[PDB]
């Protein structure tokens, strides 16, 4: 057969290509086998990073994984939390689900301020009354919000 022609009657044509339309090499049989990182019948479809999200990841060039907006990571499977979420995580993009004991919007206000700071002086007992809020119970002879006379 002449160059690039294959088969018994030299009818099957195959010539290696490396452009936008296809990325392939030719077999002993003149079959269209794709180059490394490319797939599909025309070899113009890029193979993504193995494990790239089928829901939030994409391809233009192998072996990349470009993220859908709101998603991050190597596989684009991790959500981007609402900036700036402090003591919290996300399940969906732009979420800020708080931890214990934390609140509320950005998960930065302490729900256990008494256990973290202990602001009541002179033998005062305190209880948590909300995010970044506390209440001191003062003994006899001591006044003020923190029992500081």
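Numbering follows the first chain given and starts at 1.
A.B. asks: According to the deposited model, is the average Cα temperature factor higher in 80 to 88 or in 45 to 53?
C.D. replies: It is 80 to 88 that shows the higher mean C-alpha B-factor.
A.B. asks: Among the modelled residues of its chain, does the C-alpha B-factor of residue 98 lie in the lowest, middle or highest third?
C.D. replies: Highest third of the chain for residue 98's C-alpha B-factor.
A.B. asks: Based on the deposited C-alpha B factors for this chain, I'd like to know if residue 61 is in the lowest, middle or highest third.
C.D. replies: Middle third, going by the recorded CA B-factors of the chain.
A.B. asks: Residue 30's Cα B-factor: lowest, middle or highest third of the chain?
C.D. replies: Answer is middle: the recorded C-alpha B-factor places it there.
A.B. asks: Looking at the entry's B-factor column for C-alpha atoms only, identify whether residue 23 ranks in the lowest, middle or highest third of its chain.
C.D. replies: Within its chain, residue 23 is a lowest-third residue by C-alpha B-factor, going by the deposited values.
A.B. asks: Should residue 138 be placed in the lowest, middle or highest third of its chain by the C-alpha B factor in the entry?
C.D. replies: Middle third of the chain for residue 138's C-alpha B-factor.
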